[PDB]
Amino acid sequence: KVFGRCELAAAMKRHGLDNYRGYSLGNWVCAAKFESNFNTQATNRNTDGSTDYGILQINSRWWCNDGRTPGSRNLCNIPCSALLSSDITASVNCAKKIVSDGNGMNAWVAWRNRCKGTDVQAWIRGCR
Ligand SMILES: C[C@@H](O)CN1CCN(CC(=O)O)CCN(CC(=O)O)CCN(CC(=O)O)CC1
Ligand SMILES: C[C@@H](O)CN1CCN(CC(=O)O)CCN(CC(=O)O)CCN(CC(=O)O)CC1
Ligand SMILES: [Gd]
Ligand code: NA
């Protein structure tokens, strides 16, 4: 599924991402745009053999099981394919664990380089 901007904002709010660990809703919508272009089915391979999955590009090295990242962990206790669903519940719940690990939203490279230090409220402007 490819989300609309306000559609995604509303879904993220309902699942409790707004102000989670002090990150306002606009931060999360910005992150999703540049990580996946709002597409739940996005995947990208990394150089070490791991793969990033879903709307927030969660990495198989630590967070989910894809059966082809030998020596990896599965800290969200899910198959990586669960992160590609039209229902974003699994992605949101796993992202909550990631952002809580000590590095905050710096775990998302696109957020650090394209969202951090900007007017992030602009990403939810106009939404009901
Ligand atoms: C809770 C997260 O920390 C999970 N973590 C995966 C689990 N392991 C071991 C462990 O963290 O117990 C990773 C080891 N490693 C360095 C280290 O931790 O010393 C990578 C660091 N990151 C994040 C960070 O450490 O801030 C990856 C996410
Ligand atoms: C193996 C290293 O990870 C050692 N580690 C010291 C041991 N403890 C607890 C533990 O790591 O089991 C530290 C707790 N803490 C984060 C956390 O662990 O959750 C501090 C961060 N760093 C590294 C990192 O975790 O990224 C400190 C180095
Ligand atoms: Gd760690
Ligand atoms: Na983090």
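Here chain A follows Swiss-Prot for its numbers: 19-146, in order, are the residues you see.
Method reported for this entry: X-ray crystallography, 1.9 Å.
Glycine is no exception: its Cβ is also placed from the backbone N, Cα and C atoms.
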In Swiss-Prot, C94 is listed as disulfide-bonded to which of the following: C98, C112?
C112
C133: disulphide-linked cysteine among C24, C48 [source: Swiss-Prot]
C48
The disulfide recorded in Swiss-Prot for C145 goes to which of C24, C82?
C24
Based on DSSP, name the secondary structure state of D70 (active site): helix, strand or coil.
strand
Within the chain of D70 (active site), which residues six or more apart in sequence place their C-beta under 8 angstroms from its C-beta?
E53, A60, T61, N62, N64, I76, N77, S78
Give me the Cα-Cα distance between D119 (substrate binding site) and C145 (disulfide bond), rounded to a whole Å.
30
